[PDB]
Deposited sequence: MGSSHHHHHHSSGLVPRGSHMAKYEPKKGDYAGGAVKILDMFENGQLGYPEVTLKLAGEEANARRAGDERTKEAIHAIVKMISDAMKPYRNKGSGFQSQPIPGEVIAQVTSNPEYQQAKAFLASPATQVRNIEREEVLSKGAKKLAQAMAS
């Protein structure tokens, strides 16, 4: 609910994986959550979103609005660091921490 920027990021990430979002829409939207997290002092949430934004940006470099290529979705979602960051943002502890702030 209110102030749950981690949860909001996970919703964006789910849309990214479904092909629903394009580039740079996905990173601009994640950056928005990341700024919300920064303003609220959800420091770990900010950092997790930042790591994901970097991964997506980097994977899009060879492809420099547009839909995300299937190859990029596959590469990113297969990256263990991405999986860890998304799970962290999705985790109860993180979401509660965000709501409590």
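Visitor: Could you give the ranges of the deposited sequence that carry no C-alpha coordinates?
Guide: Absent from the structure are positions 1 to 26, 91 to 97, 135 to 151.
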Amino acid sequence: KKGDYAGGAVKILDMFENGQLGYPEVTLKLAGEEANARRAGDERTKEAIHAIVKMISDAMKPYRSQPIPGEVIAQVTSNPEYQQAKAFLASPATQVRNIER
From here on, numbers count along this sequence of modelled residues.
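Visitor: By its CA B factor, does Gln66 count among the lowest, middle or highest third of the modelled residues in the chain?
Guide: It belongs to the highest third of the chain when residues are ordered by C-alpha B-factor.
Visitor: Sorting the chain's CA B-factors, does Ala59 end up in the lowest, middle or highest third?
Guide: Answer is highest: the recorded C-alpha B-factor places it there.
Visitor: Ranked by Cα temperature factor within the chain, is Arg39 in the lowest third, the middle third or the highest third?
Guide: Top third by C-alpha B-factor.
Visitor: Grab the CA temperature factor for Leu13 from the record and place it in the lowest, middle or highest third of its chain.
Guide: Tercile = middle for this residue's CA B-factor.
Visitor: In terms of the chain's CA B-factor thirds, is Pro24 lowest, middle or highest?
Guide: Middle third.
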